file final03.cif (mmCIF, N, CA and C atoms)
data_entry
#
loop_
_atom_site.label_atom_id
_atom_site.label_comp_id
_atom_site.auth_asym_id
_atom_site.auth_seq_id
_atom_site.Cartn_x
_atom_site.Cartn_y
_atom_site.Cartn_z
N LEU X 190 53.78 63.79 38.22
CA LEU X 190 53.35 62.47 38.75
C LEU X 190 53.31 62.50 40.27
N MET X 191 52.61 61.52 40.87
CA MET X 191 52.49 61.42 42.32
C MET X 191 53.83 61.03 42.94
N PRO X 192 54.07 61.40 44.21
CA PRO X 192 55.28 61.08 44.94
C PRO X 192 55.38 59.60 45.30
N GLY X 193 54.38 58.79 44.94
CA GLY X 193 54.40 57.36 45.23
C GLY X 193 54.08 57.12 46.70
N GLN X 194 54.82 56.20 47.33
CA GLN X 194 54.68 55.85 48.74
C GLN X 194 55.22 56.97 49.63
N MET X 195 54.58 58.15 49.55
CA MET X 195 54.97 59.33 50.30
C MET X 195 54.88 59.07 51.81
N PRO X 196 55.84 59.56 52.60
CA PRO X 196 55.84 59.39 54.04
C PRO X 196 54.68 60.17 54.67
N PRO X 197 54.23 59.76 55.86
CA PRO X 197 53.13 60.39 56.58
C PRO X 197 53.52 61.79 57.07
N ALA X 198 52.53 62.68 57.16
CA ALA X 198 52.72 64.03 57.67
C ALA X 198 52.66 64.02 59.20
N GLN X 199 53.06 65.13 59.83
CA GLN X 199 52.99 65.27 61.28
C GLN X 199 51.54 65.52 61.71
N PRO X 200 51.19 65.18 62.96
CA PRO X 200 49.87 65.42 63.53
C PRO X 200 49.65 66.92 63.76
N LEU X 201 48.59 67.26 64.50
CA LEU X 201 48.20 68.65 64.77
C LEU X 201 49.26 69.39 65.61
N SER X 202 50.34 68.71 65.99
CA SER X 202 51.44 69.28 66.74
C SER X 202 52.76 68.71 66.22
N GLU X 203 53.88 69.37 66.53
CA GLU X 203 55.18 68.91 66.07
C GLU X 203 55.51 67.56 66.71
N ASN X 204 55.67 66.52 65.87
CA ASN X 204 55.98 65.18 66.34
C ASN X 204 56.48 64.33 65.17
N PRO X 205 57.50 63.49 65.39
CA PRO X 205 57.99 62.55 64.39
C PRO X 205 56.99 61.42 64.20
N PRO X 206 56.34 61.31 63.03
CA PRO X 206 55.36 60.27 62.76
C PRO X 206 56.05 58.95 62.43
N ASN X 207 55.29 57.86 62.45
CA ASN X 207 55.80 56.54 62.12
C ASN X 207 54.68 55.62 61.63
N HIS X 208 55.05 54.38 61.31
CA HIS X 208 54.18 53.35 60.78
C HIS X 208 53.06 52.92 61.74
N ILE X 209 52.91 53.59 62.89
CA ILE X 209 51.91 53.19 63.86
C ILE X 209 51.20 54.42 64.43
N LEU X 210 49.93 54.25 64.78
CA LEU X 210 49.10 55.29 65.37
C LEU X 210 49.02 55.10 66.88
N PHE X 211 48.91 56.21 67.61
CA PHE X 211 48.65 56.20 69.04
C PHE X 211 47.15 56.30 69.25
N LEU X 212 46.56 55.27 69.86
CA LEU X 212 45.15 55.28 70.20
C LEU X 212 45.00 55.83 71.61
N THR X 213 43.85 56.44 71.87
CA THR X 213 43.59 57.12 73.13
C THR X 213 42.12 56.95 73.48
N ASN X 214 41.75 57.18 74.74
CA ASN X 214 40.36 57.16 75.17
C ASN X 214 39.70 55.79 74.95
N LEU X 215 40.49 54.71 74.94
CA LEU X 215 40.00 53.34 74.81
C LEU X 215 39.25 52.91 76.08
N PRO X 216 38.38 51.89 75.98
CA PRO X 216 37.60 51.38 77.09
C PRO X 216 38.48 50.70 78.14
N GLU X 217 37.91 50.43 79.32
CA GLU X 217 38.63 49.81 80.43
C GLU X 217 38.82 48.30 80.23
N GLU X 218 38.23 47.73 79.17
CA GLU X 218 38.29 46.30 78.91
C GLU X 218 38.95 45.97 77.58
N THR X 219 39.75 46.90 77.04
CA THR X 219 40.36 46.70 75.73
C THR X 219 41.40 45.58 75.76
N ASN X 220 41.56 44.89 74.63
CA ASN X 220 42.58 43.87 74.46
C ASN X 220 42.89 43.70 72.97
N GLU X 221 43.98 43.00 72.65
CA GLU X 221 44.48 42.92 71.29
C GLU X 221 43.49 42.24 70.36
N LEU X 222 42.69 41.31 70.88
CA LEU X 222 41.73 40.58 70.07
C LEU X 222 40.63 41.52 69.56
N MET X 223 40.13 42.42 70.41
CA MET X 223 39.05 43.32 70.01
C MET X 223 39.60 44.43 69.14
N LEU X 224 40.76 44.97 69.53
CA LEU X 224 41.36 46.08 68.81
C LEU X 224 41.70 45.63 67.39
N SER X 225 42.13 44.38 67.26
CA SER X 225 42.46 43.81 65.97
C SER X 225 41.22 43.73 65.08
N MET X 226 40.06 43.35 65.62
CA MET X 226 38.85 43.21 64.80
C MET X 226 38.41 44.55 64.23
N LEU X 227 38.51 45.61 65.02
CA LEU X 227 38.02 46.92 64.61
C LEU X 227 38.97 47.61 63.64
N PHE X 228 40.18 47.07 63.48
CA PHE X 228 41.10 47.48 62.44
C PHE X 228 41.19 46.47 61.29
N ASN X 229 40.89 45.19 61.54
CA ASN X 229 40.94 44.17 60.50
C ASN X 229 39.78 44.35 59.52
N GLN X 230 38.72 45.04 59.93
CA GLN X 230 37.57 45.31 59.08
C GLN X 230 37.85 46.45 58.10
N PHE X 231 38.99 47.14 58.25
CA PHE X 231 39.36 48.25 57.39
C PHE X 231 40.08 47.74 56.14
N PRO X 232 40.12 48.56 55.08
CA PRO X 232 40.76 48.25 53.80
C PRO X 232 42.28 48.13 53.90
N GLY X 233 42.81 48.03 55.12
CA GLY X 233 44.23 47.86 55.35
C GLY X 233 44.49 47.50 56.82
N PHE X 234 45.23 46.42 57.06
CA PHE X 234 45.60 46.01 58.41
C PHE X 234 46.86 45.16 58.38
N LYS X 235 47.79 45.43 59.30
CA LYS X 235 49.04 44.68 59.40
C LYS X 235 49.21 44.06 60.78
N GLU X 236 49.30 44.87 61.84
CA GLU X 236 49.50 44.39 63.20
C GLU X 236 48.97 45.38 64.24
N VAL X 237 48.98 44.97 65.50
CA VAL X 237 48.56 45.77 66.64
C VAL X 237 49.65 45.73 67.71
N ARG X 238 49.71 46.77 68.55
CA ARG X 238 50.71 46.91 69.59
C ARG X 238 50.06 47.42 70.87
N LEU X 239 50.23 46.68 71.97
CA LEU X 239 49.71 47.08 73.27
C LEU X 239 50.84 47.52 74.20
N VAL X 240 50.46 48.25 75.26
CA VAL X 240 51.39 48.75 76.26
C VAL X 240 50.86 48.38 77.65
N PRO X 241 51.73 47.85 78.53
CA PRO X 241 51.35 47.42 79.87
C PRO X 241 51.05 48.61 80.78
N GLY X 242 50.33 48.35 81.87
CA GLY X 242 49.97 49.39 82.83
C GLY X 242 48.95 50.38 82.26
N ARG X 243 48.33 50.04 81.12
CA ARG X 243 47.41 50.90 80.41
C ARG X 243 46.22 50.12 79.87
N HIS X 244 45.16 50.86 79.52
CA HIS X 244 43.96 50.32 78.90
C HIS X 244 43.28 51.39 78.04
N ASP X 245 43.58 52.66 78.32
CA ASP X 245 42.96 53.79 77.64
C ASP X 245 43.78 54.21 76.42
N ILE X 246 44.93 53.55 76.19
CA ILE X 246 45.80 53.84 75.06
C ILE X 246 46.34 52.54 74.47
N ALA X 247 46.68 52.57 73.18
CA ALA X 247 47.22 51.43 72.45
C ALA X 247 47.89 51.92 71.17
N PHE X 248 48.37 51.00 70.34
CA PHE X 248 49.02 51.32 69.08
C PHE X 248 48.59 50.32 68.01
N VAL X 249 48.51 50.75 66.74
CA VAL X 249 48.07 49.87 65.66
C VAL X 249 48.71 50.24 64.33
N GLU X 250 49.08 49.23 63.54
CA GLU X 250 49.64 49.40 62.21
C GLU X 250 48.63 48.98 61.15
N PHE X 251 48.56 49.79 60.09
CA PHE X 251 47.65 49.56 58.99
C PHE X 251 48.41 48.78 57.91
N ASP X 252 47.81 48.58 56.73
CA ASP X 252 48.40 47.78 55.66
C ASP X 252 49.91 48.04 55.49
N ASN X 253 50.32 49.31 55.59
CA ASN X 253 51.73 49.67 55.57
C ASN X 253 51.94 51.01 56.28
N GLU X 254 53.20 51.44 56.40
CA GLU X 254 53.56 52.63 57.15
C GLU X 254 52.88 53.89 56.61
N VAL X 255 52.49 53.89 55.34
CA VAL X 255 51.82 55.04 54.73
C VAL X 255 50.35 55.10 55.15
N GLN X 256 49.64 53.98 54.98
CA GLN X 256 48.20 53.95 55.13
C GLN X 256 47.72 54.02 56.58
N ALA X 257 48.59 53.94 57.59
CA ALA X 257 48.11 54.16 58.94
C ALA X 257 47.62 55.60 59.08
N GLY X 258 48.24 56.56 58.38
CA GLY X 258 47.80 57.94 58.45
C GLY X 258 46.39 58.10 57.90
N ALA X 259 46.00 57.23 56.95
CA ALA X 259 44.68 57.28 56.37
C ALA X 259 43.65 56.81 57.39
N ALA X 260 44.02 55.83 58.21
CA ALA X 260 43.13 55.28 59.21
C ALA X 260 42.95 56.25 60.37
N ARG X 261 43.91 57.17 60.55
CA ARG X 261 43.84 58.18 61.59
C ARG X 261 42.54 58.97 61.46
N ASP X 262 42.39 59.65 60.32
CA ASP X 262 41.20 60.42 60.03
C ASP X 262 39.96 59.53 59.91
N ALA X 263 40.16 58.24 59.61
CA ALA X 263 39.05 57.33 59.36
C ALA X 263 38.41 56.77 60.64
N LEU X 264 39.16 56.69 61.74
CA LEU X 264 38.67 56.07 62.96
C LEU X 264 38.60 57.07 64.11
N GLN X 265 38.86 58.35 63.83
CA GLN X 265 38.82 59.41 64.82
C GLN X 265 37.60 59.32 65.74
N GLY X 266 37.83 58.90 67.00
CA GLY X 266 36.81 58.82 68.03
C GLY X 266 35.87 57.61 67.86
N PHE X 267 36.41 56.40 67.68
CA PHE X 267 35.58 55.20 67.54
C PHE X 267 34.77 54.99 68.82
N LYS X 268 33.44 55.11 68.73
CA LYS X 268 32.55 54.90 69.87
C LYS X 268 32.49 53.41 70.26
N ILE X 269 33.61 52.88 70.76
CA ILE X 269 33.70 51.48 71.13
C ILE X 269 32.72 51.16 72.26
N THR X 270 32.42 52.14 73.11
CA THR X 270 31.36 52.03 74.11
C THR X 270 30.88 53.43 74.50
N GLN X 271 29.88 53.50 75.38
CA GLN X 271 29.19 54.74 75.70
C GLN X 271 30.07 55.77 76.41
N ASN X 272 31.18 55.34 77.03
CA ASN X 272 32.03 56.23 77.80
C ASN X 272 33.42 56.40 77.18
N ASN X 273 33.66 55.80 76.01
CA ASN X 273 35.00 55.77 75.42
C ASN X 273 34.94 55.89 73.90
N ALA X 274 35.74 56.80 73.34
CA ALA X 274 35.80 57.03 71.91
C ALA X 274 37.25 57.02 71.43
N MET X 275 37.69 55.93 70.79
CA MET X 275 39.09 55.75 70.39
C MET X 275 39.59 56.92 69.56
N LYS X 276 40.42 57.78 70.15
CA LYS X 276 41.07 58.83 69.39
C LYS X 276 42.20 58.22 68.58
N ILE X 277 42.46 58.76 67.38
CA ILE X 277 43.58 58.31 66.56
C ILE X 277 44.55 59.46 66.35
N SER X 278 45.85 59.20 66.47
CA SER X 278 46.87 60.21 66.27
C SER X 278 48.17 59.53 65.85
N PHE X 279 49.13 60.28 65.31
CA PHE X 279 50.43 59.73 64.99
C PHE X 279 51.20 59.50 66.29
N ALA X 280 51.75 58.30 66.44
CA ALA X 280 52.63 57.98 67.56
C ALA X 280 53.99 58.61 67.31
N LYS X 281 54.93 58.42 68.25
CA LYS X 281 56.31 58.85 68.04
C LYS X 281 57.25 57.66 68.14
N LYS X 282 58.21 57.60 67.21
CA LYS X 282 59.20 56.54 67.16
C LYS X 282 60.27 56.75 68.23
#
call {"tool": "encode", "arguments": {"input": "final03.cif", "output": "structure tokens"}}
result
Amino acid sequence: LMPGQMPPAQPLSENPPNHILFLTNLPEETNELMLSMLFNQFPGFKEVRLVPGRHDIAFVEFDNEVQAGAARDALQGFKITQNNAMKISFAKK
């Protein structure tokens, strides 16, 4: 049988994964309202997390701690604008 709600795997490098993804290469005008829409349209969404002093990086949670890893491969390099492509990766707790 399946392992059920199996925990997320590590990214392309050694790192402790968690219920949230690290976004990268975001536009210079990003905000929680826009970031929320581009994740709320997915088959799973819970919350979003921003960091001050930044605009090219952010954090986002999917339906649950498991399914954020699914959105990683699903949103890899979101062409939010002509100069910025949202990279998706596992954040660190």
call {"tool": "closest_residue", "arguments": {"input": "final03.cif", "among": "X:252, X:206, X:282, X:264", "to": "residue 236 (chain X)", "atoms": "all atoms listed in the file"}}
result
X:252
call {"tool": "resolve_selection", "arguments": {"input": "final03.cif", "expression": "the PyMOL selection byres (((chain X and resi 224 and name CA) around 12) and name CA)", "output": "ChimeraX atom specification"}}
result
/X:212,215-216,218-223,225-231,234,236-239,244-250,264,267,269,275
call {"tool": "write_last_selection", "arguments": {"input": "final03.cif", "atoms": "N, CA and C atoms", "output": "compact mmCIF listing (two decimals), in the coordinates of the input"}}
result
# COMPACT_ATOMS: atom_id res chain seq x y z
N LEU X 212 46.56 55.27 69.86
CA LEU X 212 45.15 55.28 70.20
C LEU X 212 45.00 55.83 71.61
N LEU X 215 40.49 54.71 74.94
CA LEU X 215 40.00 53.34 74.81
C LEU X 215 39.25 52.91 76.08
N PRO X 216 38.38 51.89 75.98
CA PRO X 216 37.60 51.38 77.09
C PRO X 216 38.48 50.70 78.14
N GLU X 218 38.23 47.73 79.17
CA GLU X 218 38.29 46.30 78.91
C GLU X 218 38.95 45.97 77.58
N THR X 219 39.75 46.90 77.04
CA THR X 219 40.36 46.70 75.73
C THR X 219 41.40 45.58 75.76
N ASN X 220 41.56 44.89 74.63
CA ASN X 220 42.58 43.87 74.46
C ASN X 220 42.89 43.70 72.97
N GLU X 221 43.98 43.00 72.65
CA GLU X 221 44.48 42.92 71.29
C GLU X 221 43.49 42.24 70.36
N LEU X 222 42.69 41.31 70.88
CA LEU X 222 41.73 40.58 70.07
C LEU X 222 40.63 41.52 69.56
N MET X 223 40.13 42.42 70.41
CA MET X 223 39.05 43.32 70.01
C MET X 223 39.60 44.43 69.14
N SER X 225 42.13 44.38 67.26
CA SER X 225 42.46 43.81 65.97
C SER X 225 41.22 43.73 65.08
N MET X 226 40.06 43.35 65.62
CA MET X 226 38.85 43.21 64.80
C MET X 226 38.41 44.55 64.23
N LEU X 227 38.51 45.61 65.02
CA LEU X 227 38.02 46.92 64.61
C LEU X 227 38.97 47.61 63.64
N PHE X 228 40.18 47.07 63.48
CA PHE X 228 41.10 47.48 62.44
C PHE X 228 41.19 46.47 61.29
N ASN X 229 40.89 45.19 61.54
CA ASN X 229 40.94 44.17 60.50
C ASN X 229 39.78 44.35 59.52
N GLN X 230 38.72 45.04 59.93
CA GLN X 230 37.57 45.31 59.08
C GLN X 230 37.85 46.45 58.10
N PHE X 231 38.99 47.14 58.25
CA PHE X 231 39.36 48.25 57.39
C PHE X 231 40.08 47.74 56.14
N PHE X 234 45.23 46.42 57.06
CA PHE X 234 45.60 46.01 58.41
C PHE X 234 46.86 45.16 58.38
N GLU X 236 49.30 44.87 61.84
CA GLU X 236 49.50 44.39 63.20
C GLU X 236 48.97 45.38 64.24
N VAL X 237 48.98 44.97 65.50
CA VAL X 237 48.56 45.77 66.64
C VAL X 237 49.65 45.73 67.71
N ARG X 238 49.71 46.77 68.55
CA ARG X 238 50.71 46.91 69.59
C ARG X 238 50.06 47.42 70.87
N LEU X 239 50.23 46.68 71.97
CA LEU X 239 49.71 47.08 73.27
C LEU X 239 50.84 47.52 74.20
N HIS X 244 45.16 50.86 79.52
CA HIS X 244 43.96 50.32 78.90
C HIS X 244 43.28 51.39 78.04
N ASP X 245 43.58 52.66 78.32
CA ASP X 245 42.96 53.79 77.64
C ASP X 245 43.78 54.21 76.42
N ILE X 246 44.93 53.55 76.19
CA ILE X 246 45.80 53.84 75.06
C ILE X 246 46.34 52.54 74.47
N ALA X 247 46.68 52.57 73.18
CA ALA X 247 47.22 51.43 72.45
C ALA X 247 47.89 51.92 71.17
N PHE X 248 48.37 51.00 70.34
CA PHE X 248 49.02 51.32 69.08
C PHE X 248 48.59 50.32 68.01
N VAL X 249 48.51 50.75 66.74
CA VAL X 249 48.07 49.87 65.66
C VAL X 249 48.71 50.24 64.33
N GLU X 250 49.08 49.23 63.54
CA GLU X 250 49.64 49.40 62.21
C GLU X 250 48.63 48.98 61.15
N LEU X 264 39.16 56.69 61.74
CA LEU X 264 38.67 56.07 62.96
C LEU X 264 38.60 57.07 64.11
N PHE X 267 36.41 56.40 67.68
CA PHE X 267 35.58 55.20 67.54
C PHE X 267 34.77 54.99 68.82
N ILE X 269 33.61 52.88 70.76
CA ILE X 269 33.70 51.48 71.13
C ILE X 269 32.72 51.16 72.26
N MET X 275 37.69 55.93 70.79
CA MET X 275 39.09 55.75 70.39
C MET X 275 39.59 56.92 69.56
call {"tool": "resolve_selection", "arguments": {"input": "final03.cif", "expression": "the PyMOL selection byres (((chain X and resi 207 and name CA) around 7) and name CA)", "output": "PyMOL selection string"}}
result
chain X and resi 205-206+208-209+254+279-282
call {"tool": "atom_distance", "arguments": {"input": "final03.cif", "atom1": "CA of residue 202 (chain X)", "atom2": "CA of residue 253 (chain X)"}}
result
22.6 Å
call {"tool": "atom_distance", "arguments": {"input": "final03.cif", "atom1": "atom N of residue 197 (chain X)", "atom2": "atom N of residue 261 (chain X)"}}
result
11.6 Å
call {"tool": "select_by_dssp", "arguments": {"input": "final03.cif", "residues": "chain X", "states": "strand (DSSP E)", "output": "ChimeraX atom specification"}}
result
/X:210-213,236-238,247-250,267-270,273-279
call {"tool": "select_by_dssp", "arguments": {"input": "final03.cif", "residues": "chain X", "states": "helix (DSSP H, G or I)", "output": "VMD selection string"}}
result
chain X and resid 221 to 229 257 to 264
call {"tool": "atom_distance", "arguments": {"input": "final03.cif", "atom1": "CA of residue 272 (chain X)", "atom2": "atom N of residue 213 (chain X)"}}
result
13.2 Å
call {"tool": "axis_aligned_box", "arguments": {"input": "final03.cif", "around": "region 211-216 of chain X", "padding_each_side": "3 Å", "output": "AutoDock Vina command-line options"}}
result
--center_x 43.3 --center_y 53.9 --center_z 72.9 --size_x 17.3 --size_y 12.5 --size_z 16.5
